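Asker: how would this look folded up:
(5 chains, ligands or ions: 1)
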Amino acid sequence: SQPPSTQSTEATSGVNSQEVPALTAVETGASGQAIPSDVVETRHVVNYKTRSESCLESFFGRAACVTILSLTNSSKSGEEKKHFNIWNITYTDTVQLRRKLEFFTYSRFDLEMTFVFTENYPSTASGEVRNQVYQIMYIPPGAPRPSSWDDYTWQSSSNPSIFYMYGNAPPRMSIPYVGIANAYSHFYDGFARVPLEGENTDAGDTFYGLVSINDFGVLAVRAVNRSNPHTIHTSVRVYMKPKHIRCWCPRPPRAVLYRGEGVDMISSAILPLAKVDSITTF
Amino acid sequence: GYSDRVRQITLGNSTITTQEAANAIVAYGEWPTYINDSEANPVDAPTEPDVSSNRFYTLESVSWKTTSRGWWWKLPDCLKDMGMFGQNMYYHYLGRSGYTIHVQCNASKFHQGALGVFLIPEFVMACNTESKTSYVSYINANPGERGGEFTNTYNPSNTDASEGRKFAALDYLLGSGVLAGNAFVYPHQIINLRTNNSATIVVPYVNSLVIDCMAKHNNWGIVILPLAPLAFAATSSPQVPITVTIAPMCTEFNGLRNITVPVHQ
Amino acid sequence: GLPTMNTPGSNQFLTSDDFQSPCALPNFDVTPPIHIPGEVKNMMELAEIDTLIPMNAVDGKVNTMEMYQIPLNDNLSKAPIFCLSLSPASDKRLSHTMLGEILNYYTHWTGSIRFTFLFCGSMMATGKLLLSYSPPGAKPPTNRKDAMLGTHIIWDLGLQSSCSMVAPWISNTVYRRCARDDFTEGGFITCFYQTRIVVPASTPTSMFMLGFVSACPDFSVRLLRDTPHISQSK
Amino acid sequence: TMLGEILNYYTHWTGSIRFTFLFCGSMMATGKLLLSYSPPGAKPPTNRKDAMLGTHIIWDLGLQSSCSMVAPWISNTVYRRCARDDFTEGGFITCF
Amino acid sequence: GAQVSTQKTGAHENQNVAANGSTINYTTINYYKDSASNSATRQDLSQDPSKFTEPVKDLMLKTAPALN
Ligand SMILES: CCCCCCCCCCCCCC(=O)O
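Answerer: Numbering: from 1, shown residues only, chains lettered A, B, ... in the order given. Below is the structure in question.
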């Protein structure tokens, strides 16, 4: 049927009573509940507006760029190691996506990934190069990981993968919720393990937070082509769009610039507000 | 009839009365309950103490001075040596509990000031070094009933390994980069000295798991801030105590093993 | 096979597209849900929570805790206590509240806004404060005389500690632009002493109040946009 | 006390005992007190933390000027001896 | 086995009623059987702000003193 609208306003009139919507006690933890009909005379208004843009599914329904990977296909031997790039999967590489996710403490969603490729020549001289193909392989935590672009793991006998020919539409794939827990945590107030009385008093220093517990594997991305005289540099933009999303606990959004994968602050950015000239400036 | 201000909370072998509370809050509208069979993770036979761990405990008091910038606690941690709750969290690998958090602070009618009491799930705080990230020792991260304090100065050390293992507990950013003014999103109550002398918040267990390991993770933290300064006007330096009293409730444990004894100083 | 034609839009990639993609992990058994307290379904549920306004973010107060404390005195004054422009995603002091930050993800907004003030003075002190809203066609309500010709509430400080003012959705449009403009003028918010705060012997003469802002139930937003507040280097 | 005087005519007694405290200060003054009973055995509650682990009530001073703490009848016997007989230790009552 | 559902209305839709016209419809077919492959879900405007704005054990009415 018709999607439910936001609050309509009834007509009201003057009041002289012991009922007092104007006063409350925010100490109770409750917000004030006053609406215009409680403090001013109002006219009747039918409200047909809906909160659809603001639904969480809508709010998060955008493919954000998360990371950029660099691949280089070159005949120069020192570039062999650059033919292949490994990405540690995270959403923390980009501030807009992590900031939106960090409005919530926990969330559950399925994930859509999109891979957008751009090629150019980093060299001082270009020339003919045949069309390249790229392989995106997902390597789950603990799975064998390649040492080179031409290693044995690329056979992809287990690890799922995508083969993309440059110039076609960007690949897009969907990953079902894969957290071990029943929701992904965006914060973890704890340690990966508990150091005991027989250990160093500074123990735990290096294994605190979400960073020490989550491991989502890596993206092993390589050009699959043989080297050519003219080097091709490829920029791979990895996008994420969470969908079918539920969130379980609101938080203040971060007000300051991020420093790394945790909640760490840089002193140069701990001043989030602009100054005003006066408390009385309109 | 009954007033809203007057209340009695009874759990286990202890009772708390109050004559000046702004009701009580049940975070997210939910009470602590025991795990339903349909959601259970472990297949161990659970331990469910009835009136042992589920009693109120009083944490070491802190003082409210006009120069304090706030106080904080990690919740499971603050009760780690508290009788049976303490012993059960160390004997069992896993455990779960909700809490009743009661904060007390007396003042006369001539005093003014206000304390915001906020309960923050996953209260993750920033390290105090710019050379490392998510860096904090177990010991500094988990101070016990003593809690910690907030400051208004960020003085990280990119060279001193010892200071870097302490938290960068700024008051205005709640130690994590979020303006405190938005802290109100979390369940909270205000001990406004001209209105209340106490606050009560009922806390359900909130996690991604039905049950977790208590020696590793602090499900909730407690943050108390001087939202409005203390003043008496009959002294150059007024002082009132703040005392936090906590009871676990609907507590259960699994994974019985040798008692865990964490690194400590 | 079926004859087809490829219409415009084929092979583009759109950020906001809605189209089925193949599953990466076919037959994957997804970890079952449990109930987790605190479920949020809509961003407006958070917009309606009262959060503090950094009303006093002036030199020496900016980015310190004191920016949230509005001073009050037992002294004679005909001056405004504070002033605010009612533009939630523009005014420097309103933009960073929870309501402000949520609105910084939207292009337009509508509905009424509530301002709640909590007196954090002594119990022995009393007084009356005038809170008001004056729609945009007005010149700035600089004097109490201008403030009292608009929408206003006289707040008697007493047994109940706080008072909520509602600034109704008075507009020449349906939704106002979140971004600052000249056209979508917010209107003015201010406060004056209605009387004076009267303080007895041995009671502090310098009090504070905490202002809060939240969305009303008729509140909504139109289109999603990225927030201007968080930067990133390359 | 009247209870003691009646019990001094008996060799054995049983049942819970109530301790009620009336605050007689000014009306303007406020504060809180901890009233606590510990079962017999172990070391006495010489500080607040130990008193706290026992049976206790927090008394908020206000209009209701009188708080009742009840020492439940926790015992390993049926009746306790009235005499200070170590077979039937009383338990401890403190206020902090 | 397609599912027909009402479309969100737009610029040329005469009624905000959203129950006027047989044309405000779209057809969804789920082509993949793994549910993660399904397109974005339906709008759901169910809300419960009381969890965050009035989480008070003892119900109080807005017209009554907040504190009795
Ligand atoms: C062939 C390439 C497919 C790559 C699949 C990677 C799936 C990653 C799941 C999302 C993990 C991030 C969620 C979180 O940090 O809370």
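Asker: any idea how far the residue in the stretch 151-265 of chain B positioned nearest to the ligand lies from residue B:107?
Answerer: Going by Cβ to the nearest ligand atom, the ligand is nearest to residue B:208 of the stretch 151-265 of chain B, at 9.9 Å. For the C-beta atoms, the positions are set from N, CA and C on the backbone; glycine is no exception. Counting by Cβ to Cβ, to the nearest Å, the gap from residue B:208 to residue B:107 is 40 Å.
Asker: can you check residue A:251 too?
Answerer: In this view, residue A:251 and residue B:107 are 31 Å apart by Cβ to Cβ.
Asker: next one: residue B:114
Answerer: From residue B:114 to residue B:107 the distance is 10 Å (Cβ to Cβ).
Asker: residue B:133 now?
Answerer: Residue B:133 sits 41 Å away from residue B:107, taking Cβ to Cβ as the criterion.
Asker: give me the more crowded residue out of the two.
Answerer: Neighbour totals were compared for residue B:133 and residue B:107, and residue B:107 leads with 25 against 18 (other Cβ atoms under 10 Å in any protein chain shown).
Asker: quick check: that one touching residue B:193?
Answerer: Yes - counting by Cβ atoms under 8 Å, residue B:107 touches residue B:193, with 4.2 Å between them.
Asker: okay, now residue 53: neighbour count?
Answerer: All of this is about chain A. 21.
Asker: switch to chain C, please.
Answerer: Residue C:53: 27 surrounding residues under other Cβ under 10 Å.
Asker: mind checking the SS state of the residue lying closest to it once chain neighbours are set aside?
Answerer: Spatial nearest neighbour of residue C:53, excluding adjacent residues (Cβ to Cβ, 6 or more residues apart in numbering or on different chains): residue C:211 at 4.5 Å. Put simply, residue C:211 is strand when judged by DSSP: H, G, I helix; E, B strand; the rest coil.
Asker: same deal with the one 3 residues further on?
Answerer: Here residue C:214 is recorded as strand under three-state DSSP.
Asker: then residue C:102?
Answerer: Local secondary structure at residue C:102 is given as helix here, using three-state DSSP.
Asker: how about residue A:38?
Answerer: Using three-state DSSP, the structure places residue A:38 in helix.
Asker: residues near residue A:121, how many?
Answerer: Residue A:121 has 13 neighbours, counted by other Cβ under 10 Å.
Asker: find residues that contact each of residue B:107 and residue B:193.
Answerer: B:113, B:230 (Cβ atoms under 8 Å, 6 or more residues apart in numbering or on different chains).
Asker: picking that back up, what touches both of residue B:114 and residue B:107?
Answerer: Taking Cβ under 8 Å, 6+ apart as the criterion, residue B:114 and residue B:107 both touch residue B:193.
Asker: can you list the residues of chain C near chain E?
Answerer: C:18-28, C:30, C:38-39, C:41-42, C:44-46, C:48-50, C:159-160, C:214 (Cβ under 8 Å from any Cβ of the partner chain).
Asker: same check on chain A?
Answerer: Remark: the part of chain A in contact with chain E comprises A:1-4, A:19-21, A:23-25, A:27-31, A:33-34, A:38, A:48, A:50-52, A:55, A:57-58, A:61, A:110, A:174-177, A:243-244, A:250, using Cβ under 8 Å from any Cβ.
Asker: thought residue C:193 was touching residue C:127?
Answerer: Yes - here residue C:193 reaches residue C:127: they are 7.0 Å apart, a contact under Cβ under 8 Å.
Asker: what segments of chain E are helices?
Answerer: For chain E, helices defined by DSSP state H occupy the ranges E:50-53.
Asker: for the ligand, what is the nearest residue in chain E?
Answerer: Nearest residue of chain E to the ligand (Cβ to the nearest ligand atom) works out as residue E:36 at 10.8 Å.
Asker: burial measure for that residue, as a count.
Answerer: Neighbour count of residue E:36, defined by other Cβ under 10 Å: 26.
Asker: okay, now the closest residue to it other than its chain neighbours: neighbour count?
Answerer: Of all residues not flanking residue E:36 in the chain, residue A:176 sits nearest, at 3.6 Å (Cβ to Cβ, 6+ apart). Counted with other Cβ under 10 Å, residues neighbouring residue A:176 total 21.
Asker: could I get the contacting residues of residue C:153?
Answerer: The neighbourhood of residue C:153, defined by Cβ under 8 Å, 6+ apart, consists of A:22, A:39, C:130-132, C:163, C:165.
Asker: okay, those in TSV with distance to the ligand next?
Answerer: Formatted as TSV, the contacts of residue C:153 follow (distance: Cβ to the nearest ligand atom, whole Å):
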residue	distance to the ligand
A:22	44
A:39	44
C:130	49
C:131	43
C:132	46
C:163	42
C:165	41
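Asker: now tabulate these in a markdown table and tack on secondary structure.
Answerer: Formatted as a markdown table, the contacts of residue C:153 follow (three-state DSSP):
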| residue | secondary structure |
| --- | --- |
| A:22 | coil |
| A:39 | helix |
| C:130 | strand |
| C:131 | strand |
| C:132 | strand |
| C:163 | strand |
| C:165 | strand |
